[PDB]
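The chain below stands alone and is given as structure tokens, in the form deposited in one PDB entry.
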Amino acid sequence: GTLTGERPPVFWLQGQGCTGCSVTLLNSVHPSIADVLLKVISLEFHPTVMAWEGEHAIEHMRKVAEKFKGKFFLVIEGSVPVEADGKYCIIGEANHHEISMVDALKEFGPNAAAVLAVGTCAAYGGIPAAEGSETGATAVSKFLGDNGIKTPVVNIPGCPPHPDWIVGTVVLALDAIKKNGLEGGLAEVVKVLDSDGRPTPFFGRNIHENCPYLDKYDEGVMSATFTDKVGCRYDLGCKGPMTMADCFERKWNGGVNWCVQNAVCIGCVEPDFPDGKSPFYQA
């Protein structure tokens, strides 16, 4: 990229998120986040990092949205709670009217080029939708479908995702769009999504079948304490067998570690996370 290159507008809306999907993106190594923001995308609205505030920030997003109707990318971090008329997530106020996450996704969703549901909360409901919750936490694709909004959705799950999955999916899409235009490009992206809406370059391979401890698993050699790094982690709760992600290769935080080496995989990219992956510390 260059400082003077083409950079599409992006709005980043936080529903029932924890900001960890924004933070994970800040950890991108190459390209660095500075390069992403200055050379790849134009991040026009993001509540955690943008200069302006309040109704002025909302109106700025609305002005960009009008200018780029059908052409901006909408990132959603967190689930969308539908109970209590949307009141469990208020994202702003303008014209003396509060704006719920429900309202915001009904407003901007129809006019985005594509919605990127970043993180397991946005993609699948995640922890806010888990047993014991009461907010009607809803995944982005389901909310949009329930409301008749046909905009394409790409899921980039994980709790959090690896930065490379987020940046890499953006790069995938922008490449396809450069080659084929917007609709042709998004069609090429959709072709490489699995049945859970995830890009197969990052989510097409199983952790366990590629795990360095697979021989120990097959031998029945299981660690009995977390600090035994020789044995397989299955008896300690590892969910690698049921998890589709490339962490075994890419690892985390500049390659310094990953969940299976350090402790166990908890299946954080999967649609049933957390309840279908729990208890975390037994098989």
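In this text, the rigid core denotes the largest set of C-alpha atoms whose superposition between the two forms falls within 1.5 Å. A residue's number is simply how far along the shown sequence it sits, counting from 1.
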On mean C-alpha B-factor from the PDB entry, just flag whether 252-260 or 32-40 is the higher one.
-> 32-40
Between 59-67 and 42-50, name whichever shows the higher mean Cα B factor according to the PDB entry.
-> 59-67
Which is it among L26, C238, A245, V230: the one with the largest CA B-factor in the entry?
-> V230
Note to self: of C89, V167, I149, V154, the C-alpha temperature factor tops out at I149
Can you tell me which third, lowest, middle or highest, the CA B-factor of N180 falls into for its chain?
-> highest
Could you tell me which third, lowest, middle or highest, the C-alpha B-factor of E77 occupies within its chain?
-> lowest
Sorting the chain's modelled residues by C-alpha B-factor and splitting them into thirds places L174 in the highest
Would you check the entry's CA temperature factor for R198 and let me know if it's in the chain's lowest, middle or highest third?
-> lowest
Would you please rank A122 by its C-alpha temperature factor against the other modelled residues of its chain and give the third it falls in: lowest, middle or highest?
-> lowest
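This next part talks about the form deposited in another entry, which is not shown.
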With the core superposed, find the residue in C247, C232, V36, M61 that moves its CA 2 Å or more between the shown form and the other one.
-> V36
Output row for the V170-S32 CA distance, |change| of 3 angstroms or more in the other form, reads closer
